[PDB]
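Position 267, counted from 1, in the sequence shown is what PDB author numbering calls 274; the numbers after and before it change by one each time, with no gaps. Note that CB positions come from ideal geometry on N, CA and C, so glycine has one too. A short write-up of the structure that comes next.
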Amino acid sequence: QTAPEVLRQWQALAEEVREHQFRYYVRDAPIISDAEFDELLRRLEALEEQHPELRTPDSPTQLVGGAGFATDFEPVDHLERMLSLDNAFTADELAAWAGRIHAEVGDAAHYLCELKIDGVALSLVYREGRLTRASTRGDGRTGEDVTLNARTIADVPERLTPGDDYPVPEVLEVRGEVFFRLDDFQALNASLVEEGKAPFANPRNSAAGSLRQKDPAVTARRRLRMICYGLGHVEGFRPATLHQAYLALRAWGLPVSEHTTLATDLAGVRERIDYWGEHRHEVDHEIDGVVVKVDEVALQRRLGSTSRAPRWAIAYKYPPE
Ligand SMILES: Nc1ncnc2c1ncn2[C@@H]1O[C@H](COP(=O)(O)O)[C@@H](O)[C@H]1O
Ligand SMILES: NC(=O)c1ccc[n+]([C@@H]2O[C@H](COP(=O)(O)O)[C@@H](O)[C@H]2O)c1
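In structure tokens:
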């Protein structure tokens with residue numbers, strides 16, 4: 008057993024050094040100067056001569072020069088199951104989904120209506136305002152660790168912004184989609200072809216590939232974006248509705264969309280569906296549908312979910328053309 012203050016100091020310093028190493032080497036974007044970094048590494052090196060057991064092969068000092076950052080896609084459990092969505096392709100089906108809902112919950116349900124993004128699903132975990140894990144869908148219970156790749160996404164903050172209205176939760180699991188803008192997708196393809204590589208067939212594939220990189224510096228230099236859509240497990244945050252959840256997410260610095268609307272009944276839902284059927288092409292990223300979700304979280308709890316999907320939401324899918 009090492010003395011506690013020595014251990015405290017070392018974790019903090021090593022944590023800080025490593026973050027800076029990652030910012031400079033992987034992301035190519037430091038947030039402190041070179042001078043300051045140098046000082047930091049020296050201290051941590053001293054402390055490790057003063058206390059040799061602290062120096063291990065995983066330390067940022069001994070054995071990490073510009074390296075140690077790699078993604079291995081190992082399994083990691085999601086705190087809450089990350090399911091898929093049921094789909095509706097015709098007006099009858101949607102009405103049918105709403106009939107089933109009205110009958111169960113009775114005019115008390117309002118519907119958040121969002122754009123369905125055609126990209127890769129990503130799940131982030133923030134513990135005390137700090138991002139700890141990012142993962143793929145996988146089987147629903149377990150996905151893959153692409154933590155470093157997510158840390159390079161500009162949209163995803165490392166730490167959550169504190170505030171008066173919305174206190175940072177102890178644990179927050181957030182789902183959202185990663186994607187490329189069409190222009191960026193084209194641009195990346197040109198770049199790839201310029202180095203002799205094969206281009207990607209669509210933005211969905213391109214973003215998935217850009218995210219799933221063993222060397223995350225590859226990912227850092229690609230312009231992935233993310234828009235958050237969902238909550239998984241949370242502690243210290245109990246929003247009454249999903250629309251109110253997005254206010255908090257936004258206050259904390261997470262990225263949310265500007266095209267979400269709150270309809271009051273199925274008629275309102277139908278208007279949005281019709282509207283995005285006509286305007287979806289004006290958005291800069293791929294939209295294949297609209298997600299319809301009962302907004303109040305108590306109603307969501309009552310309706311629950313099946314093994315594969317929730318019953319409180321349905322995604323209307325457009326014909327592709
Ligand atoms: N706004 C959104 N809300 C929820 N899930 C979404 C949204 N946009 C995309 N998705 C993803 O779309 C996946 C499947 O939808 P689908 O297109 O029906 O297969 C969902 O499970 C989510 O991962
Ligand atoms: N500002 C930073 O965050 C930061 C982080 C890591 C390394 N660096 C710079 O990296 C260089 C390391 O040297 P070599 O990789 O060329 O040995 C140093 O000059 C160091 O200051 C800067």
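Does residue 219 come out as helix, strand or coil in the three-state DSSP assignment?
In the sequence shown, counting from the first residue as 1, residue 219 sits at position 212. If DSSP states are grouped into helix, strand and coil, residue 219 belongs with coil.
Using 8 Å as the cut-off, classify the Cβ of residue 96 as near or not near the heavy atoms of ligand 2, replying yes or no.
Translated into positions along the sequence shown, residue 96 becomes position 89. Outside the cutoff, so no.
Let's see if you can read the secondary structure: which residues bound the alpha helix (DSSP H) around residue 234?
Residue numbering aside, residue 234 sits at position 227 when the sequence shown is read from its first letter. DSSP places residue 234 in no alpha helix (DSSP H) but in the uninterrupted beta strand (DSSP E) bounded by 232-242.
Short check: CB of residue 79 to CB of residue 152, under 9 Å?
Translated into positions along the sequence shown, residue 79 becomes position 72. Translated into positions along the sequence shown, residue 152 becomes position 145. It is a contact, given that the beta carbons lie within the stated cut-off.
Bridge partners - residue 323, DSSP secondary structure assignment
Mapped onto the sequence shown, residue 323 falls at position 316. As a beta-bridge residue in DSSP terms, residue 323 pairs with 95 and 297.
Would you say residue 124 touches ligand 1, meaning its beta carbon is less than 8 Å from a heavy atom?
Looking up residue 124 in the sequence shown gives position 117. Yes, the Cβ of residue 124 comes within 8 Å of a heavy atom of ligand 1.
Cα separation between residue 210 and residue 219?
Counted from its first residue, the sequence shown places residue 210 at position 203. Counted from its first residue, the sequence shown places residue 219 at position 212. Each residue's Cα considered, the two are about 14 Å apart.
Quick check on residue 204: buried or exposed, where buried means 16 or more other Cβ atoms within 10 Å of its Cβ?
By 1-based counting over the sequence shown, the position of residue 204 is 197. By the Cβ-count criterion, residue 204 is exposed, with fewer than 16 other Cβ atoms from all chains shown falling within 10 Å of its own Cβ.
Best match in 252, 323 and 120 for proximity to residue 4 [C-alpha to C-alpha]
Nothing can be reported for residue 4, as the shown portion of the chain is limited to 8 through 328.
Closest to residue 196 by C-alpha separation, out of 206, 189, 299 and 190, would be which residue?
As a first step, residue 196 is located in the sequence shown; it is residue number 189 there, counting from the start. Comparing Cα positions, the closest option is 206.
Going by DSSP, what residue range makes up the alpha helix (DSSP H) through residue 334?
Any property of residue 334 remains undetermined from this structure, which presents the chain solely from 8 to 328.
For residue 91, is the beta carbon positioned less than 8 Å from some heavy atom of ligand 1?
The sequence position of residue 91 within the sequence shown is 84, counting from 1. Yes - ligand 1 has a heavy atom lying nearer than 8 Å to the Cβ of residue 91.
What span of residues does the alpha helix (DSSP H) with residue 14 cover, start to end?
In the sequence shown, residue 14 corresponds to position 7, counting from 1. Going by DSSP, residue 14 is part of the alpha helix (DSSP H) stretching over 11-28.
Would you give the residue range spanned by the beta strand (DSSP E) that residue 268 belongs to?
In the sequence shown, counting from the first residue as 1, residue 268 sits at position 261. For residue 268, the enclosing beta strand (DSSP E) begins and ends at 268-270.
Indicate whether residue 96 and residue 300 have their beta-carbon atoms separated by less than 9 Å.
Stepping through the sequence shown from its first residue, residue 96 is reached at position 89. Stepping through the sequence shown from its first residue, residue 300 is reached at position 293. Contact: no.
Reference residue 82; option with closest CA among 42, 146 and 297
In the sequence shown, the residue the question calls residue 82 occupies position 75. Ranking the options by Cα distance to residue 82, first place goes to 146.
For a minimum of 3 consecutive residues, which ranges assigned as the beta strand (DSSP E) are wholly contained in the segment 166-195?
DSSP runs (the beta strand (DSSP E)) wholly in the segment 166-195: 178-186.
With DSSP as the reference, label residue 2 as helix, strand or coil.
There is simply no residue 2 to check, as the chain begins at 8 and stops at 328 in what is shown.
From 283, 12 and 307, pick the residue whose C-alpha is nearest to that of residue 326; which is it?
To locate residue 326, count along the sequence shown from 1; it is residue 319. Looking only at 283, 12 and 307, the smallest Cα-Cα distance to residue 326 is reached by 283.
Alpha carbon to alpha carbon, how far is residue 188 from residue 63? Give it in angstroms, no decimals.
Residue 63 sits at position 56 when you count from the first residue of the sequence shown. Residue 188 sits at position 181 when you count from the first residue of the sequence shown. So the alpha carbons of these two residues sit roughly 42 Å apart.
Rank 303, 66, 149 and 101 by C-alpha distance to the C-alpha of residue 275 and give the top, closest one.
Looking up residue 275 in the sequence shown gives position 268. The option with the nearest alpha carbon to residue 275 is 101.
Going by DSSP, which residues form a beta bridge with residue 84?
Counting from 1 along the sequence shown, the entry for residue 84 is found at position 77. Its beta-bridge partners are 149.
Let me confirm a value: residue 72 is counted as buried when at least 16 other C-beta atoms fall within 10 Å, else exposed. Which label applies?
Indexing the sequence shown from 1 puts residue 72 at position 65. With fewer than 16 other Cβ atoms within 10 Å, it is exposed.
Which partner residues does residue 317 have in the DSSP bridge list?
By 1-based counting over the sequence shown, the position of residue 317 is 310. DSSP output for residue 317 lists 312 as bridge partner(s).
Provide the residue(s) that pair with residue 129 in DSSP beta bridges, ordered along the chain.
Position 122 of the sequence shown, counted from the first residue, corresponds to residue 129. DSSP lists 143 and 183 as partners of residue 129.
Using CA coordinates, which residue listed in 43, 171 and 239 is at the minimum distance from residue 88?
Your numbering for residue 88 matches position 81 in the sequence shown. Ranked by how close their Cα comes to the Cα of residue 88, the residues 43, 171 and 239 have 239 in first place.
Rounded Cβ spacing between residue 44 and residue 27 (contact assumed at less than 8 Å):
Here residue 44 refers to the residue found at position 37 of the sequence shown. Here residue 27 refers to the residue found at position 20 of the sequence shown. Confirmed, about 5 Å.
For ligand 2, which residues count as neighbours when the test is a C-beta closer than 6 Å to any heavy atom?
Per the Cβ criterion, the list is 27, 28, 30, 31, 37, 39, 40, 41, 44, 45 and 73.
For residue 279, name the three-state secondary structure that DSSP assigns.
For this step, residue 279 is matched to residue 272 along the sequence shown. Reduced to three states, the DSSP call for residue 279 is helix.
Looking at the secondary structure, which residues open and close the beta strand (DSSP E) in which residue 254 lies?
Mapped onto the sequence shown, residue 254 falls at position 247. Here residue 254 belongs to no beta strand (DSSP E); instead the alpha helix (DSSP H) covers 249-258.
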